[PDB]
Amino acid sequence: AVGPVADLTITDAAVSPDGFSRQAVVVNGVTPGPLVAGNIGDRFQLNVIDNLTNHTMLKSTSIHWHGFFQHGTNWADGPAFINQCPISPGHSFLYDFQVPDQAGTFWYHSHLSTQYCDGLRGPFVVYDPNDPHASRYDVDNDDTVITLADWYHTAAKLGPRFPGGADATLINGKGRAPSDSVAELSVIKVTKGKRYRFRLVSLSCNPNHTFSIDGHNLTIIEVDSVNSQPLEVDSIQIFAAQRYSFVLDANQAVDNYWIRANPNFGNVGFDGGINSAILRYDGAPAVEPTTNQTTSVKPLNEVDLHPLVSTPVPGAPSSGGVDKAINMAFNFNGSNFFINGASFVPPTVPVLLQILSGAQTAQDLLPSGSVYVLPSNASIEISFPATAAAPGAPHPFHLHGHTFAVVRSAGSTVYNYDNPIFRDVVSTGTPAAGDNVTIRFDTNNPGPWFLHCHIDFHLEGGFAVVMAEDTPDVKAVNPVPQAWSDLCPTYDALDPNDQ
């Protein structure tokens, strides 16, 4: 791992994760990028050095540290034109923030256009030396991170606006496409008798994946950086940008077992060892598994997840029993997505810079119609009713700056105001099920925070709004470093072909 104080150098390079060589955006030479790690209480100083040269995958960049509250450091959150202007090619920018009150599995990715899909994404772990789940496992290290990623042979800006699936699913950076039946598979090593904390992180730009390991059950202990009660499952449907920790007990026969991550669309299944990796017990021959998948009898259901510790739901236990309730009405016209009638177009002046320049009301903030000003220290309920008007369901929405209670999950009609899981990315389900996924959070984090579908192609199409939380306190609470102040002039001075 690298960090908490580290350089992350961003370049364009040729990669071949599935045997097909293409130019990609890489971090310290690799995609997925290296594991960034630290411990709860740490200050991270992550110096992002932009050495990009290819305008088609963008020469500018900006990085979101997915899942972190960024309290007092809203300027470091990452979304381009929300929290900063992009970093310009030939420049570096220091993200300097603390993680005082969180531990778990996170990730980092470009938050400029669809650039993360072209490779700028990697895992990020914040360890807890007093982890309350520590007694459940023996091993938790670099080699227990499992990343899932969709990989495309055609670059984000060069393919269809809304691709119909990836060429390959990558597990720990490797996987197979139809074009190369023998490409190297990732191998995850375990020692018989040891218990492993696997940190499963979806770096996906679009598809969700149904994850399972032949011959093994999994005990979920963490959901999007929130410790859970232990939940035994035999498969996990993980949506773009979500994380789970699960414990695997390596107590089966020494052998090779298939690890499966089946996407919801694209090249589905396992012909030729696509959508697969290898769980290899020490002493097993260096060959492919020949294990068979068994029907999932205990799939994960989000309504079965509960916080490990008592975690009260904001507000009162009825619909709209909060200080402010917002409904998000979705539309789509073939190229663009809309929320409450507005398709998000990034403003010239980043939203945070607008606020620091005086703009504190929805009326004064740009883009008009996409900013929701929230009161401070208030309970908020947001509902995302699934609608056929917004194809590409299930849309996994992410709220920056916050964890939220999932009061109503996809595929459920229960409102749980008692002990629902808290997380940061939620499937909003499907219209076929009449879903109306509903979340609650408190506004104790002054700043503009993005709220959007984490299918990066949909975000690009405008499927986003901004929650402008406690605007009159944003400047005092989020002092900005000179380097941040310099971003917009530098970026704005760029030739368009150097963006």
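Sequential numbering from 1, following the sequence displayed.
- The stretch with the higher mean CA B factor, choosing between 348 to 356 and 135 to 143, is 135 to 143.
- Comparing 283 to 291 with 231 to 239, the stretch with the higher mean C-alpha B-factor in the PDB entry is 283 to 291.
- The PDB entry gives the largest Cα B-factor of the residues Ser245, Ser181, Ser88, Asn331 to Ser181.
- Per the deposited coordinates, the residue with the largest Cα temperature factor out of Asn262, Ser113, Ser204, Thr387 is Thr387.
- The PDB entry assigns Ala432 a C-alpha temperature factor belonging to the highest third of its chain's modelled residues.
- Sort the chain's modelled residues by C-alpha temperature factor and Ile10 lands in the lowest third, per the entry.
- Sorting the modelled residues of the chain by their CA temperature factor places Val322 in the highest third.
- Looking at the C-alpha B-factors along this chain, the one for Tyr415 belongs to the highest third.
- In this PDB entry, the Cα temperature factor of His209 sits in the bottom third of its chain's modelled residues, the lowest group.
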